[PDB]
>>> print(open('structure.cif').read())   # mmCIF, C-alpha atoms
data_final
loop_
_atom_site.label_atom_id
_atom_site.label_comp_id
_atom_site.auth_asym_id
_atom_site.auth_seq_id
_atom_site.Cartn_x
_atom_site.Cartn_y
_atom_site.Cartn_z
CA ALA Q 18 -2.41 -5.21 -28.83
CA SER Q 19 -2.26 -1.68 -30.24
CA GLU Q 20 -4.09 -0.40 -27.15
CA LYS Q 21 -1.93 -2.51 -24.84
CA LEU Q 22 1.17 -0.98 -26.45
CA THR Q 23 -0.10 2.55 -25.80
CA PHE Q 24 -0.84 1.54 -22.19
CA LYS Q 25 2.71 0.27 -21.75
CA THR Q 26 4.33 3.23 -23.51
CA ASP Q 27 2.39 5.81 -21.55
CA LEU Q 28 3.21 4.18 -18.21
CA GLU Q 29 6.89 3.96 -19.22
CA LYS Q 30 6.84 7.70 -19.96
CA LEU Q 31 5.49 8.44 -16.48
CA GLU Q 32 8.08 6.09 -14.98
CA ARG Q 33 10.95 7.70 -16.86
CA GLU Q 34 9.92 11.32 -16.25
CA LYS Q 35 8.85 10.91 -12.63
CA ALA Q 36 11.75 8.54 -11.79
CA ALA Q 37 9.21 6.00 -10.61
CA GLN Q 38 8.29 2.34 -10.92
CA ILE Q 39 4.63 1.62 -11.60
CA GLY Q 40 2.98 -1.71 -11.02
CA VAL Q 41 -0.50 -2.20 -12.39
CA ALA Q 42 -2.86 -5.08 -12.87
CA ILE Q 43 -6.41 -4.95 -14.24
CA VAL Q 44 -8.45 -8.15 -14.14
CA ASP Q 45 -12.03 -9.07 -14.94
CA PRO Q 46 -14.33 -10.49 -12.23
CA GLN Q 47 -12.93 -14.00 -12.70
CA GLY Q 48 -9.32 -12.79 -12.42
CA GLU Q 49 -8.45 -12.92 -16.12
CA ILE Q 50 -5.87 -10.31 -17.10
CA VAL Q 51 -7.11 -7.26 -18.99
CA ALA Q 52 -3.80 -5.39 -18.88
CA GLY Q 53 -0.75 -5.07 -16.68
CA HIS Q 54 2.62 -3.39 -16.13
CA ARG Q 55 5.35 -4.86 -13.89
CA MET Q 56 2.42 -6.95 -12.72
CA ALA Q 57 4.49 -9.63 -10.93
CA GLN Q 58 7.05 -7.29 -9.39
CA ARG Q 59 6.70 -7.20 -5.59
CA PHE Q 60 5.72 -3.89 -3.95
CA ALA Q 61 5.10 -3.05 -0.29
CA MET Q 62 1.38 -3.32 0.38
CA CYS Q 63 1.27 -0.38 2.80
CA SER Q 64 -2.31 0.22 4.01
CA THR Q 65 -3.79 -1.57 0.99
CA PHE Q 66 -3.91 -4.77 3.11
CA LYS Q 67 -6.63 -3.22 5.30
CA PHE Q 68 -9.18 -4.03 2.58
CA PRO Q 69 -8.28 -7.78 2.60
CA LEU Q 70 -8.20 -7.60 6.41
CA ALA Q 71 -11.79 -6.38 6.37
CA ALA Q 72 -12.66 -9.28 4.04
CA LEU Q 73 -11.07 -11.71 6.49
CA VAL Q 74 -13.16 -10.23 9.29
CA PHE Q 75 -16.39 -10.50 7.29
CA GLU Q 76 -15.55 -14.09 6.45
CA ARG Q 77 -15.42 -14.83 10.18
CA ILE Q 78 -18.73 -13.01 10.62
CA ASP Q 79 -20.23 -14.99 7.72
CA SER Q 80 -18.97 -18.22 9.32
CA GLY Q 81 -20.09 -17.34 12.84
CA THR Q 82 -16.64 -17.19 14.45
CA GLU Q 83 -16.92 -13.42 14.91
CA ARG Q 84 -19.70 -10.91 15.46
CA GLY Q 85 -19.65 -7.43 13.99
CA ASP Q 86 -21.10 -5.84 17.12
CA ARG Q 87 -18.56 -7.44 19.48
CA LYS Q 88 -16.87 -4.80 21.60
CA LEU Q 89 -13.06 -4.71 21.39
CA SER Q 90 -11.62 -3.12 24.54
CA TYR Q 91 -8.37 -1.20 24.45
CA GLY Q 92 -6.28 1.43 26.19
CA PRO Q 93 -3.95 4.19 24.96
CA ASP Q 94 -1.27 1.57 24.15
CA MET Q 95 -3.23 0.88 20.95
CA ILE Q 96 -2.94 4.47 19.67
CA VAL Q 97 -0.25 4.74 17.01
CA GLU Q 98 0.45 7.17 14.20
CA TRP Q 99 -2.72 7.96 12.25
CA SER Q 100 -5.42 6.50 14.50
CA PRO Q 101 -8.12 9.19 14.19
CA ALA Q 102 -11.16 7.04 14.98
CA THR Q 103 -9.32 4.93 17.57
CA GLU Q 104 -8.35 8.16 19.38
CA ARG Q 105 -11.97 9.38 19.35
CA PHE Q 106 -13.35 6.12 20.78
CA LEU Q 107 -10.54 5.70 23.33
CA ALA Q 108 -12.39 7.30 26.27
CA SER Q 109 -15.40 5.05 25.68
CA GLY Q 110 -12.95 2.15 26.01
CA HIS Q 111 -13.83 0.13 22.92
CA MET Q 112 -14.66 -0.06 19.25
CA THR Q 113 -16.81 -2.79 17.79
CA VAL Q 114 -15.41 -5.19 15.21
CA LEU Q 115 -17.48 -3.37 12.57
CA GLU Q 116 -16.43 0.09 13.74
CA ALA Q 117 -12.77 -0.90 13.65
CA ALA Q 118 -13.11 -2.46 10.18
CA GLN Q 119 -14.85 0.59 8.78
CA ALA Q 120 -12.21 2.92 10.23
CA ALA Q 121 -9.43 0.71 8.86
CA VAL Q 122 -10.95 0.72 5.35
CA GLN Q 123 -12.33 4.26 5.12
CA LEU Q 124 -9.86 6.25 7.23
CA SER Q 125 -6.87 3.88 7.03
CA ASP Q 126 -6.88 3.96 10.83
CA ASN Q 127 -3.79 2.13 12.08
CA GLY Q 128 -4.90 1.56 15.65
CA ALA Q 129 -8.19 0.09 14.41
CA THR Q 130 -6.25 -2.17 12.06
CA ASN Q 131 -3.98 -3.35 14.87
CA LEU Q 132 -7.02 -3.90 17.10
CA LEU Q 133 -8.46 -6.25 14.47
CA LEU Q 134 -5.08 -7.93 14.02
CA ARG Q 135 -4.92 -8.49 17.80
CA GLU Q 136 -8.27 -10.26 17.51
CA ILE Q 137 -7.71 -12.49 14.46
CA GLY Q 138 -4.24 -13.83 15.26
CA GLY Q 139 -1.89 -11.24 13.84
CA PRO Q 140 0.03 -10.95 10.58
CA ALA Q 141 0.27 -14.74 10.34
CA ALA Q 142 -3.53 -15.02 10.25
CA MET Q 143 -3.76 -12.30 7.58
CA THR Q 144 -1.33 -14.24 5.43
CA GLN Q 145 -3.25 -17.46 6.06
CA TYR Q 146 -6.40 -15.76 4.78
CA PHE Q 147 -4.64 -14.69 1.57
CA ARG Q 148 -3.57 -18.30 1.00
CA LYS Q 149 -7.12 -19.53 1.69
CA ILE Q 150 -8.60 -17.38 -1.07
CA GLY Q 151 -6.03 -18.44 -3.63
CA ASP Q 152 -3.35 -15.72 -3.15
CA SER Q 153 0.04 -17.41 -2.71
CA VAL Q 154 1.92 -14.10 -3.00
CA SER Q 155 0.66 -11.44 -0.62
CA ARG Q 156 2.17 -11.61 2.85
CA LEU Q 157 1.65 -9.56 5.98
CA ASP Q 158 4.63 -9.89 8.33
CA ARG Q 159 4.18 -6.89 10.65
CA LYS Q 160 1.47 -4.71 12.15
CA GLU Q 161 1.12 -0.97 11.49
CA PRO Q 162 3.06 1.24 11.10
CA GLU Q 163 6.26 -0.77 10.73
CA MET Q 164 4.78 -2.93 7.96
CA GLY Q 165 5.11 0.20 5.81
CA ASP Q 166 8.87 0.66 6.28
CA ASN Q 167 9.37 -0.41 2.64
CA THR Q 168 13.05 -1.12 3.00
CA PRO Q 169 14.37 -1.57 -0.56
CA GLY Q 170 14.45 -5.24 -1.53
CA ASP Q 171 12.58 -6.44 1.56
CA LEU Q 172 9.95 -9.01 0.59
CA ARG Q 173 8.14 -8.70 3.93
CA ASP Q 174 4.71 -7.06 3.77
CA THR Q 175 4.56 -7.22 -0.02
CA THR Q 176 2.21 -8.21 -2.79
CA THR Q 177 2.28 -8.02 -6.57
CA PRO Q 178 -0.20 -6.06 -8.67
CA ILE Q 179 -1.53 -9.25 -10.28
CA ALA Q 180 -1.90 -11.18 -7.02
CA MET Q 181 -3.64 -8.30 -5.26
CA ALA Q 182 -5.93 -7.54 -8.22
CA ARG Q 183 -7.00 -11.19 -8.28
CA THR Q 184 -7.61 -11.06 -4.53
CA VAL Q 185 -9.80 -7.95 -4.94
CA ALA Q 186 -11.77 -9.77 -7.65
CA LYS Q 187 -12.14 -12.87 -5.47
CA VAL Q 188 -13.46 -10.78 -2.57
CA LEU Q 189 -15.83 -8.60 -4.61
CA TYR Q 190 -16.88 -10.88 -7.48
CA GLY Q 191 -15.81 -14.47 -6.81
CA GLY Q 192 -17.99 -15.47 -3.90
CA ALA Q 193 -15.53 -15.17 -1.03
CA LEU Q 194 -18.13 -13.35 1.07
CA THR Q 195 -21.88 -13.35 1.42
CA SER Q 196 -23.78 -10.83 -0.71
CA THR Q 197 -24.43 -8.74 2.39
CA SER Q 198 -20.81 -8.73 3.54
CA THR Q 199 -19.64 -8.05 -0.02
CA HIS Q 200 -22.00 -5.10 -0.41
CA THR Q 201 -20.96 -3.66 2.93
CA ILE Q 202 -17.29 -3.66 1.97
CA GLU Q 203 -18.04 -2.38 -1.54
CA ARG Q 204 -19.88 0.64 -0.14
CA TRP Q 205 -17.07 1.29 2.35
CA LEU Q 206 -14.66 1.35 -0.56
CA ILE Q 207 -16.86 3.71 -2.61
CA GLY Q 208 -17.17 5.99 0.42
CA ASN Q 209 -13.46 5.77 1.28
CA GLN Q 210 -12.26 9.09 2.68
CA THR Q 211 -8.59 8.89 1.63
CA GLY Q 212 -8.66 8.31 -2.13
CA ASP Q 213 -10.05 11.52 -3.57
CA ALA Q 214 -6.77 12.55 -5.22
CA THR Q 215 -5.43 9.13 -6.31
CA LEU Q 216 -6.81 6.58 -8.78
CA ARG Q 217 -10.44 7.73 -8.78
CA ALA Q 218 -9.36 11.27 -9.66
CA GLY Q 219 -8.18 9.82 -13.01
CA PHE Q 220 -11.28 7.94 -13.94
CA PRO Q 221 -14.38 9.27 -15.74
CA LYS Q 222 -16.77 10.79 -13.23
CA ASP Q 223 -19.63 8.36 -13.99
CA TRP Q 224 -17.56 5.21 -13.39
CA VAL Q 225 -18.50 3.54 -10.10
CA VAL Q 226 -15.19 3.22 -8.23
CA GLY Q 227 -14.21 2.03 -4.77
CA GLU Q 228 -10.64 1.65 -3.56
CA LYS Q 229 -8.17 1.51 -0.69
CA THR Q 230 -5.08 3.67 -0.69
CA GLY Q 231 -1.66 2.97 0.77
CA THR Q 232 1.35 5.13 1.57
CA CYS Q 233 4.76 3.81 2.61
CA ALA Q 234 8.15 5.23 3.49
CA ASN Q 235 10.64 5.53 0.63
CA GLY Q 236 8.04 6.71 -1.84
CA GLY Q 237 5.36 4.02 -1.87
CA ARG Q 238 1.95 5.18 -3.05
CA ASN Q 239 -0.69 2.64 -3.92
CA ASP Q 240 -4.40 2.27 -4.66
CA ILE Q 241 -6.37 -0.96 -5.10
CA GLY Q 242 -10.02 -1.57 -5.75
CA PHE Q 243 -12.69 -1.98 -8.35
CA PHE Q 244 -14.51 0.03 -10.98
CA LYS Q 245 -17.56 -0.47 -13.16
CA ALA Q 246 -17.22 0.98 -16.65
CA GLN Q 247 -19.53 0.53 -19.63
CA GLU Q 248 -21.56 -2.09 -17.70
CA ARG Q 249 -18.36 -4.10 -17.16
CA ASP Q 250 -16.79 -4.80 -13.77
CA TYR Q 251 -13.05 -4.75 -13.15
CA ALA Q 252 -10.62 -5.25 -10.29
CA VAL Q 253 -7.47 -3.12 -10.24
CA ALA Q 254 -4.27 -2.87 -8.23
CA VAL Q 255 -1.79 -0.01 -8.55
CA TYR Q 256 1.50 0.04 -6.62
CA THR Q 257 4.05 2.78 -7.19
CA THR Q 258 7.52 3.71 -5.95
CA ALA Q 259 8.59 7.33 -6.48
CA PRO Q 260 11.26 8.22 -3.90
CA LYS Q 261 11.99 11.72 -5.27
CA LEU Q 262 8.41 12.94 -5.82
CA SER Q 263 6.53 15.01 -3.28
CA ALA Q 264 3.46 13.52 -1.61
CA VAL Q 265 1.19 15.59 -3.85
CA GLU Q 266 3.16 14.53 -6.94
CA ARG Q 267 2.71 10.86 -5.99
CA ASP Q 268 -1.02 11.50 -5.68
CA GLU Q 269 -0.87 13.00 -9.20
CA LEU Q 270 1.13 10.00 -10.40
CA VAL Q 271 -1.55 7.53 -9.32
CA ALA Q 272 -4.28 9.71 -10.83
CA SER Q 273 -2.28 9.78 -14.06
CA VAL Q 274 -2.17 5.99 -13.98
CA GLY Q 275 -5.92 6.12 -13.57
CA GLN Q 276 -6.11 8.12 -16.79
CA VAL Q 277 -3.91 5.60 -18.64
CA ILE Q 278 -6.15 2.82 -17.37
CA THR Q 279 -9.22 4.76 -18.57
CA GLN Q 280 -7.82 5.09 -22.09
CA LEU Q 281 -7.14 1.37 -22.32
CA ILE Q 282 -10.63 0.51 -21.07
CA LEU Q 283 -12.31 2.95 -23.46
CA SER Q 284 -10.43 1.38 -26.35
CA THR Q 285 -12.50 -1.91 -25.79
CA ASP Q 286 -15.78 -0.24 -27.06
#
>>> encode(input="structure.cif", output="structure tokens")
Amino acid sequence: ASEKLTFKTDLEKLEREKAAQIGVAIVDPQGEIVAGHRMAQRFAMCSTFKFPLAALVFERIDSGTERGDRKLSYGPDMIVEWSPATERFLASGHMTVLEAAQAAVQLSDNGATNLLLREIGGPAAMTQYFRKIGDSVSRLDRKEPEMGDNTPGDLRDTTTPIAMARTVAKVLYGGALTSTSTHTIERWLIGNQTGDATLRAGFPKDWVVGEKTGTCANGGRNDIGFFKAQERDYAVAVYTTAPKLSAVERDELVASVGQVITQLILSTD
């Protein structure tokens, strides 16, 4: 209670001084709440949905309705803003399911994400997967990049911190995927290339951390994932809205939230 009050007060200070709204949820591996802030306020998911999308793909691999080495053909029509791996593989004419999923998770590659969405039935099928694993909140309505428009008040392409944190825990800890598929996605999250300056920059350097970032128009900056601290496993979701901050200052904001999280966790002994 005392620690939870410091958590709240310190996030409210960041919110007030950075003119930002901060949504956080921390859950244990079974989805029980450790701490939260605006945890049931809706925020645009931005690229954070690419981690659940990968989980959906591995579920189809686990079930035999997809194969990771299946070649997904495409042309230049699939290149959109921020498609670094898709652009590199374009001349070869395809990416495999697994290549696309790894680029979506680790580089946030939009073309690779849309390639997978083409294959699994689109935003509706992403939403259906959320519902299947117990998430009645998260919804994908659009492909990239327009799903990141983050029009104020729009409930399309949103989640809440608590719903997403519980989805992360379900995927990583609650048996949604085989051990092999779970480990593959865990390692992709640890080796993510886009999160060096966000949440994991605010955590102690010996905590094992893996996460997926998101950036939206109108000041969305998010980071979801998992961390292992003091031999305890957690799932975490951070969504922020800071319209007036610079991109670097939003990075710093999420890292600061990581520090506030750390101080709560360390006050469990």
>>> closest_residue(input="structure.cif", among="Q:215, Q:109, Q:90, Q:167", to="residue 133 of chain Q", atoms="all atoms listed in the file")
Q:90
>>> closest_residue(input="structure.cif", among="Q:136, Q:49, Q:166, Q:20", to="residue 233 of chain Q", atoms="only C-alpha atoms")
Q:166
>>> residues_near_point(input="structure.cif", point="(-12.7, -5.6, 12.3)", cutoff="10 Å", atoms="only C-alpha atoms", output="MDAnalysis selection string")
chainID Q and resid 67 70:75 77:78 83:87 89 112:122 129:137
>>> resolve_selection(input="structure.cif", expression="the PyMOL selection byres ((chain Q and resi 243-259) around 8)", output="PyMOL selection string")
chain Q and resi 35-46+48+60-62+178-179+181-183+185-186+224-228+235-242+260-262+267+271+282
>>> write_last_selection(input="structure.cif", atoms="C-alpha atoms", output="PDB file, keeping the file's coordinate frame")
ATOM      1  CA  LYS Q  35       8.850  10.910 -12.630  1.00  0.00           C
ATOM      2  CA  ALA Q  36      11.750   8.540 -11.790  1.00  0.00           C
ATOM      3  CA  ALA Q  37       9.210   6.000 -10.610  1.00  0.00           C
ATOM      4  CA  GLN Q  38       8.290   2.340 -10.920  1.00  0.00           C
ATOM      5  CA  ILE Q  39       4.630   1.620 -11.600  1.00  0.00           C
ATOM      6  CA  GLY Q  40       2.980  -1.710 -11.020  1.00  0.00           C
ATOM      7  CA  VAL Q  41      -0.500  -2.200 -12.390  1.00  0.00           C
ATOM      8  CA  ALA Q  42      -2.860  -5.080 -12.870  1.00  0.00           C
ATOM      9  CA  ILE Q  43      -6.410  -4.950 -14.240  1.00  0.00           C
ATOM     10  CA  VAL Q  44      -8.450  -8.150 -14.140  1.00  0.00           C
ATOM     11  CA  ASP Q  45     -12.030  -9.070 -14.940  1.00  0.00           C
ATOM     12  CA  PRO Q  46     -14.330 -10.490 -12.230  1.00  0.00           C
ATOM     13  CA  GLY Q  48      -9.320 -12.790 -12.420  1.00  0.00           C
ATOM     14  CA  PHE Q  60       5.720  -3.890  -3.950  1.00  0.00           C
ATOM     15  CA  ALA Q  61       5.100  -3.050  -0.290  1.00  0.00           C
ATOM     16  CA  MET Q  62       1.380  -3.320   0.380  1.00  0.00           C
ATOM     17  CA  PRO Q 178      -0.200  -6.060  -8.670  1.00  0.00           C
ATOM     18  CA  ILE Q 179      -1.530  -9.250 -10.280  1.00  0.00           C
ATOM     19  CA  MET Q 181      -3.640  -8.300  -5.260  1.00  0.00           C
ATOM     20  CA  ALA Q 182      -5.930  -7.540  -8.220  1.00  0.00           C
ATOM     21  CA  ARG Q 183      -7.000 -11.190  -8.280  1.00  0.00           C
ATOM     22  CA  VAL Q 185      -9.800  -7.950  -4.940  1.00  0.00           C
ATOM     23  CA  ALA Q 186     -11.770  -9.770  -7.650  1.00  0.00           C
ATOM     24  CA  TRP Q 224     -17.560   5.210 -13.390  1.00  0.00           C
ATOM     25  CA  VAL Q 225     -18.500   3.540 -10.100  1.00  0.00           C
ATOM     26  CA  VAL Q 226     -15.190   3.220  -8.230  1.00  0.00           C
ATOM     27  CA  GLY Q 227     -14.210   2.030  -4.770  1.00  0.00           C
ATOM     28  CA  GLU Q 228     -10.640   1.650  -3.560  1.00  0.00           C
ATOM     29  CA  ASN Q 235      10.640   5.530   0.630  1.00  0.00           C
ATOM     30  CA  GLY Q 236       8.040   6.710  -1.840  1.00  0.00           C
ATOM     31  CA  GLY Q 237       5.360   4.020  -1.870  1.00  0.00           C
ATOM     32  CA  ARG Q 238       1.950   5.180  -3.050  1.00  0.00           C
ATOM     33  CA  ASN Q 239      -0.690   2.640  -3.920  1.00  0.00           C
ATOM     34  CA  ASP Q 240      -4.400   2.270  -4.660  1.00  0.00           C
ATOM     35  CA  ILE Q 241      -6.370  -0.960  -5.100  1.00  0.00           C
ATOM     36  CA  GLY Q 242     -10.020  -1.570  -5.750  1.00  0.00           C
ATOM     37  CA  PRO Q 260      11.260   8.220  -3.900  1.00  0.00           C
ATOM     38  CA  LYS Q 261      11.990  11.720  -5.270  1.00  0.00           C
ATOM     39  CA  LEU Q 262       8.410  12.940  -5.820  1.00  0.00           C
ATOM     40  CA  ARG Q 267       2.710  10.860  -5.990  1.00  0.00           C
ATOM     41  CA  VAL Q 271      -1.550   7.530  -9.320  1.00  0.00           C
ATOM     42  CA  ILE Q 282     -10.630   0.510 -21.070  1.00  0.00           C
TER      43      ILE Q 282
END
>>> closest_atom_pairs(input="structure.cif", of="segment 192-282 of chain Q", to="segment 150-155 of chain Q", cutoff="12 Å", atoms="only C-alpha atoms", output="CSV")
residue,atom,partner,partner_atom,distance
Q:192,CA,Q:150,CA,10.0
Q:193,CA,Q:150,CA,7.3
Q:194,CA,Q:150,CA,10.6
>>> write_last_selection(input="structure.cif", atoms="C-alpha atoms", output="tab-separated table (two decimals), in the frame of the given file")
chain	number	residue	atom	x	y	z
Q	192	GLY	CA	-17.99	-15.47	-3.90
Q	193	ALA	CA	-15.53	-15.17	-1.03
Q	194	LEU	CA	-18.13	-13.35	1.07
>>> axis_aligned_box(input="structure.cif", around="segment 260-264 of chain Q", padding_each_side="6 Å", output="AutoDock Vina command-line options")
--center_x 7.7 --center_y 11.6 --center_z -3.7 --size_x 20.5 --size_y 18.8 --size_z 16.2
>>> atom_distance(input="structure.cif", atom1="atom CA of residue 50 of chain Q", atom2="atom CA of residue 286 of chain Q")
17.3 Å
>>> build_atoms(input="structure.cif", residues="segment 210-234 of chain Q", atoms="N, CA and C atoms", output="mmCIF file, in the frame of the given file")
data_model
loop_
_atom_site.group_PDB
_atom_site.id
_atom_site.type_symbol
_atom_site.label_atom_id
_atom_site.label_comp_id
_atom_site.auth_asym_id
_atom_site.auth_seq_id
_atom_site.Cartn_x
_atom_site.Cartn_y
_atom_site.Cartn_z
ATOM 1 N N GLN Q 210 -12.562 7.685 2.469
ATOM 2 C CA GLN Q 210 -12.260 9.090 2.680
ATOM 3 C C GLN Q 210 -10.848 9.503 2.268
ATOM 4 N N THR Q 211 -9.998 8.579 1.825
ATOM 5 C CA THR Q 211 -8.590 8.890 1.630
ATOM 6 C C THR Q 211 -8.143 8.843 0.187
ATOM 7 N N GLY Q 212 -9.039 8.512 -0.744
ATOM 8 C CA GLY Q 212 -8.660 8.310 -2.130
ATOM 9 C C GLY Q 212 -9.083 9.365 -3.131
ATOM 10 N N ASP Q 213 -9.448 10.554 -2.658
ATOM 11 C CA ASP Q 213 -10.050 11.520 -3.570
ATOM 12 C C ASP Q 213 -9.070 12.010 -4.620
ATOM 13 N N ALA Q 214 -7.771 12.027 -4.306
ATOM 14 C CA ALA Q 214 -6.770 12.550 -5.220
ATOM 15 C C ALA Q 214 -5.926 11.479 -5.894
ATOM 16 N N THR Q 215 -6.235 10.202 -5.720
ATOM 17 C CA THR Q 215 -5.430 9.130 -6.310
ATOM 18 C C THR Q 215 -6.204 8.496 -7.476
ATOM 19 N N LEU Q 216 -6.353 7.181 -7.534
ATOM 20 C CA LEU Q 216 -6.810 6.580 -8.780
ATOM 21 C C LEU Q 216 -8.153 7.144 -9.249
ATOM 22 N N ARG Q 217 -9.106 7.357 -8.333
ATOM 23 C CA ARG Q 217 -10.440 7.730 -8.780
ATOM 24 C C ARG Q 217 -10.480 9.151 -9.339
ATOM 25 N N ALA Q 218 -9.468 9.957 -9.047
ATOM 26 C CA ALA Q 218 -9.360 11.270 -9.660
ATOM 27 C C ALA Q 218 -9.028 11.185 -11.159
ATOM 28 N N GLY Q 219 -8.578 10.025 -11.634
ATOM 29 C CA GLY Q 219 -8.180 9.820 -13.010
ATOM 30 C C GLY Q 219 -9.187 9.077 -13.841
ATOM 31 N N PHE Q 220 -10.234 8.679 -13.274
ATOM 32 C CA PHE Q 220 -11.280 7.940 -13.940
ATOM 33 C C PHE Q 220 -12.413 8.854 -14.374
ATOM 34 N N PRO Q 221 -13.165 8.506 -15.423
ATOM 35 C CA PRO Q 221 -14.380 9.270 -15.740
ATOM 36 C C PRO Q 221 -15.301 9.357 -14.528
ATOM 37 N N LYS Q 222 -16.030 10.469 -14.439
ATOM 38 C CA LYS Q 222 -16.770 10.790 -13.230
ATOM 39 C C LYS Q 222 -18.036 9.949 -13.065
ATOM 40 N N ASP Q 223 -18.481 9.238 -14.106
ATOM 41 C CA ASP Q 223 -19.630 8.360 -13.990
ATOM 42 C C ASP Q 223 -19.260 6.897 -13.759
ATOM 43 N N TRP Q 224 -17.975 6.553 -13.774
ATOM 44 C CA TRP Q 224 -17.560 5.210 -13.390
ATOM 45 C C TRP Q 224 -17.787 5.007 -11.896
ATOM 46 N N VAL Q 225 -18.387 3.879 -11.518
ATOM 47 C CA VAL Q 225 -18.500 3.540 -10.100
ATOM 48 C C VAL Q 225 -17.179 2.925 -9.655
ATOM 49 N N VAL Q 226 -16.544 3.538 -8.656
ATOM 50 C CA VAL Q 226 -15.190 3.220 -8.230
ATOM 51 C C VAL Q 226 -15.153 3.147 -6.709
ATOM 52 N N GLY Q 227 -14.497 2.120 -6.192
ATOM 53 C CA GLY Q 227 -14.210 2.030 -4.770
ATOM 54 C C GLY Q 227 -12.793 1.502 -4.632
ATOM 55 N N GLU Q 228 -12.042 2.000 -3.660
ATOM 56 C CA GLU Q 228 -10.640 1.650 -3.560
ATOM 57 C C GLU Q 228 -10.112 1.947 -2.171
ATOM 58 N N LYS Q 229 -8.938 1.366 -1.917
ATOM 59 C CA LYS Q 229 -8.170 1.510 -0.690
ATOM 60 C C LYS Q 229 -6.786 2.010 -1.044
ATOM 61 N N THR Q 230 -6.395 3.123 -0.458
ATOM 62 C CA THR Q 230 -5.080 3.670 -0.690
ATOM 63 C C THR Q 230 -4.038 3.039 0.238
ATOM 64 N N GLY Q 231 -2.779 3.262 -0.108
ATOM 65 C CA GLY Q 231 -1.660 2.970 0.770
ATOM 66 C C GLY Q 231 -0.566 3.985 0.546
ATOM 67 N N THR Q 232 0.161 4.294 1.617
ATOM 68 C CA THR Q 232 1.350 5.130 1.570
ATOM 69 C C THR Q 232 2.436 4.454 2.389
ATOM 70 N N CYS Q 233 3.640 4.357 1.843
ATOM 71 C CA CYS Q 233 4.760 3.810 2.610
ATOM 72 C C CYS Q 233 5.915 4.808 2.640
ATOM 73 N N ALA Q 234 6.857 4.573 3.557
ATOM 74 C CA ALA Q 234 8.150 5.230 3.490
ATOM 75 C C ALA Q 234 8.825 4.914 2.162
#
